[PDB]
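A.B. asks: heads up, no residue letters with this:
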């Protein structure tokens, strides 16, 4: 019975912190002084923790002088062991993964000790009742949960919630003051509430059939490929790359959609098609993947490959959230959508590019007779509210009502947005040639 | 020497006592089980006694021996000589209830040791189990032993204890001039007639179909509990972060339209009402919100017990979504996952003695029904909650499905199930412009 | 069912046994107090009631305390083994029973036949 | 003698190359599968590399070692020494797609 520990992983956390002091911001969230195994490794990590928390510089002699003044330098292995730790593990950036190993061994090691306490108290109760021993065993397990979850999240105090609410309200004033903070949407009305497409968050655009969810997603990619220098990546699942390019050519030249997919078109229309063809060939940013069977593993691999080849991406768009599938969760449909939503959010955090994932609403709003898409309607499809930050819906009043005042105007109603404010942004729509425009 | 906790002498007196006095089985059956007995021979004799006494009332040396002779288990026990010796060895009647409690207590301690050994063996050999996964697995094994406990010898009570409890509840109802609140005040005088205060020992599940305002009604219950009750309230946020929850709560506290807070720019008059209610919330200090998306029933019970230990005790625990919570042990079966969460939330309400308002969403089966009124049987499709939760109330506004409805701006809280008090449709007005439920 | 137990507890000398599964013993006693004093059900479960109604509830309280026959078991999880054992236990402690009432036949459950609902 | 069509030397360079360059997985995953590898030891190492690179970006001598150690497959492969020997034996990056 050897205790669960990884002495090799502890050496790389300590050794990595001496080489890169800026890693402490992430390392402190994973490992604790108690989480380290053995007395020598705990004394070194306690010195590193005490130094990096107040005095920014930490090196071979900074850590040595902290231990020398506390009569613990010889106890850890002298100056030679502290200097040989840098020689032993010179692998930076992977310190977060090494800390996770040490933290996992510690939580498993604590569980073994806690279970052994219960086992020894069962054999030798010393006047303890079965009910008393049961509550004692629960309290020992509850203690490990208290130390593990108190580092990152828990029940925040009123003062902290008031501080985080007022800072969020003040940030809403400066949303149309800064302007585009990255990816330009193309719609000046949308740029007031969105204030540029942020890279660190997931954007989910949902619409009930006939609203034009694919059309709005294509229009966002249209402006991103021309304004932003970095290329755009589109995962086609609903329709092939040929149909996507035919729809994009209609918006680029304002020529009616029907003429492109039919073939028969005027010489004037062909001149407008040929004029936009040259500008599209000079930019070279449209990368489309017409694969029907796409798994979240293949999506993340293809996005990381294209970003590595051309420096970096700018916007990743998915044609359908429900068309993607994970082979491990083929039985449970509820947890399949939640895993895809998590995988798409992780891709947006890793690549730092805005991810526009398209999704479809449930048929529950059809029997409601109001038909305005609320953020709670998409919850039926899967868990996306906790993962995606920006959730905008497409609602055109002419689809459900023929005598509607919004004739040819679809309002992009933002139902959820952490970075900026929410609201109904009216934009005109031309269904004859698939092109969303600014409402006057 | 690690000898398993057992009392072979106590098992012989339960078996021996049942042979001498067959009328003791009425009390003995409530304490001991066939599984509770230690070793194969004692379990075979007790199983025979259990099968015989139940239907074939006469039980003796010849009845017990012939039951085992026909099943080829008599020789395994020790022939007839062993069964006849148990009547001779223990001729002490009436104390059988005390001997059974010893056997039941030894079995619980023996199971606790086996449960601790399971955790210890799983720690040494995880086979791909994470530290978080192993922690939740260790808690679930301990929780199972506590589930078989909490019986407290429930039986037929006399009229003296029922009338004493009934008179004390009736006499307490005269203290309130017209409130009728036996604890947590809901804030709605119409709701206080049927609910009669939020009881702590039971689980309250509020369910509503999207667009009804389930989050709005849950926030309004926490609003009055944080101001009226001295003990703090705990809210587990899964659907929306603590910032959005505080923005919605500020709209109800000052009657300022919801749109102005989440957008930014608002009038100086509106800011004065927000600043006036800020000082009221700062003096009370009861709103504790946990904006964690990944919440397991182990982490929920640990975070509720932590706050109920720091500030003396809690007053009301609210969950944003029942379906957003997940148990790693039941990720494959969705049916038994919801039933375990419903059981864990009910156990939290019994242990902490505070009303737990768990929010849940109805199935889309009521949309095709055309009746639109959600019945208690519609939530059964989501999971087993009827047997665990005592108070189940639904939110139904007639203006959501019908535009020409007479209930314009009035949502009726229809109570479908309530063990403590009576059920019925309680009409209450609703203001969707600033998220605030009021008295009709 | 409550009205049948009402007359059996007053007329017969032997006590009555009621197995509550649908509603607790508190709700059963509140409903029984409404029939014993003819005061509207709503006033008892709400709390607010007149001084005239207070005297009728207090008068019937002493009548029920002199007889001592209502034995209620507010257990939700009741198996046929536990029902027979508790019925035999009360009939042994108090000489003998007089009427056994069950709140719900479908709420009772046998662990051996949990799969087959028909049997 | 009917010797099966295999290349143990080519399997060692794919595994060894993935430990030196984690960014190669984008192209390597398109060519090889866990089933494609010959013998039980090479399949256990490649399955660990596949499971790690698909979610947790860092993969090295101790990341792969800890995955196999927790599942009781480290000694069945050849201890830690065999995993460290693959980095030493084949230090040829970029040609992993051909292997």
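C.D. replies: Right, received. Where do you want to start? Residues are numbered from 1 along each chain as shown, chains lettered A, B, ... in the order given.
A.B. asks: what number of residues lie near residue 89?
C.D. replies: I'll assume chain A. Residue A:89 has 23 neighbours, counted by other C-beta atoms under 10 Å in any protein chain shown. Quick note: C-beta positions are derived from backbone N, CA and C, even for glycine.
A.B. asks: look at chain D instead
C.D. replies: Residue D:89: 13 surrounding residues under other C-beta under 10 Å.
A.B. asks: tally of neighbours for the residue lying closest to residue A:40 once chain neighbours are set aside?
C.D. replies: The shortest distance from residue A:40 to any non-neighbouring residue, by C-beta to C-beta, 6 or more residues apart in numbering or on different chains, is to residue A:76 (4.6 Å). Using other C-beta under 10 Å, residue A:76 is surrounded by 19 other residues.
A.B. asks: Roughly how far does residue A:76 sit from chain B?
C.D. replies: 26 Å (C-beta to the nearest C-beta, to the nearest Å).
A.B. asks: and that residue, what does it touch?
C.D. replies: Residue A:76 makes contact with A:40, A:43, A:44, A:67, A:82, according to C-beta atoms under 8 Å, 6 or more residues apart in numbering or on different chains.
A.B. asks: The same query, at a cut-off of 10 Å, please.
C.D. replies: By C-beta atoms under 10 Å, 6 or more residues apart in numbering or on different chains, residue A:76 lies in contact with A:39, A:40, A:41, A:42, A:43, A:44, A:47, A:63, A:64, A:67, A:82.
A.B. asks: Which two of the residues you listed have the greatest separation?
C.D. replies: Greatest spatial distance among those (C-beta to C-beta): A:39 and A:64, at 17.7 Å.
A.B. asks: Give me the more crowded residue out of the two.
C.D. replies: Neighbour count, other C-beta under 10 Å: between residue A:39 and residue A:64, residue A:64 has more, with 17 against 10.
A.B. asks: secondary structure element for the more buried one?
C.D. replies: Applying DSSP states H and E as the criterion places residue A:64 in helix A:60-69.
A.B. asks: For whatever residue of the stretch 151-300 of chain A ends up closest to chain B, the count of nearby residues, please.
C.D. replies: As assessed by C-beta to the nearest C-beta, chain B sits closest to residue A:172 within the stretch 151-300 of chain A, at 3.3 Å. A count of neighbours around residue A:172, defined by other C-beta under 10 Å, yields 20.
A.B. asks: what about it, distance to residue A:390?
C.D. replies: 14 Å (C-beta to C-beta, to the nearest Å).
A.B. asks: So for chain D, the centremost residue is which one?
C.D. replies: By C-alpha atoms, centre = their mean, chain D has its centre lying nearest to residue D:15, at 2.7 Å.
A.B. asks: In the helix or strand that that residue is a member of, which residues are buried?
C.D. replies: Element membership of residue D:15 [criterion: DSSP H and E] is helix D:8-20. Under the neighbour-count criterion of 16 or more other C-beta atoms under 10 Å in any protein chain shown, helix D:8-20 has D:11, D:12, D:13, D:14, D:15, D:16, D:17, D:18, D:19 buried.
A.B. asks: okay, those residues in TSV with distance to residue A:228 next?
C.D. replies: Below are the buried residues of helix D:8-20 laid out as TSV (distance: C-beta to C-beta, whole Å):
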residue	distance to residue A:228
D:11	42
D:12	43
D:13	39
D:14	36
D:15	39
D:16	39
D:17	34
D:18	33
D:19	36
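A.B. asks: just those now: which is nearest chain A?
C.D. replies: Closest approach to chain A among the buried residues of helix D:8-20 (C-beta to the nearest C-beta): residue D:19, at 11.8 Å.
A.B. asks: got the contact list for the closest one?
C.D. replies: Applying C-beta under 10 Å, 6+ apart, the residues contacting residue D:19 are D:45, D:49, D:59, D:60, D:61, D:63, D:64, D:83, D:84, D:86, D:87, D:90.
A.B. asks: same deal with residue A:354?
C.D. replies: Counting by C-beta under 10 Å, 6+ apart, residue A:354 makes contact with A:182-183, A:185, A:194, A:196-203, A:220, A:224, A:313-317, A:348, A:390.
A.B. asks: which element is residue A:391 on?
C.D. replies: Residue A:391 belongs to strand A:390-396, assigned by DSSP H and E.
A.B. asks: and after that strand, which helix or strand comes next?
C.D. replies: As assigned by DSSP H and E, the chain's next helix or strand after strand A:390-396 is helix A:397-400.
A.B. asks: anything in that following helix sitting right up against chain B?
C.D. replies: No: counting by C-beta under 10 Å from any C-beta of the partner chain, chain B is not contacted by helix A:397-400; separation bottoms out at 12.6 Å.
A.B. asks: hmm, who's touching that helix?
C.D. replies: The contact list for helix A:397-400 (C-beta under 10 Å, 6+ apart) reads A:207-212, A:366, A:369-372, A:403-411, A:429, A:431.
A.B. asks: Nothing else from me, thank you.
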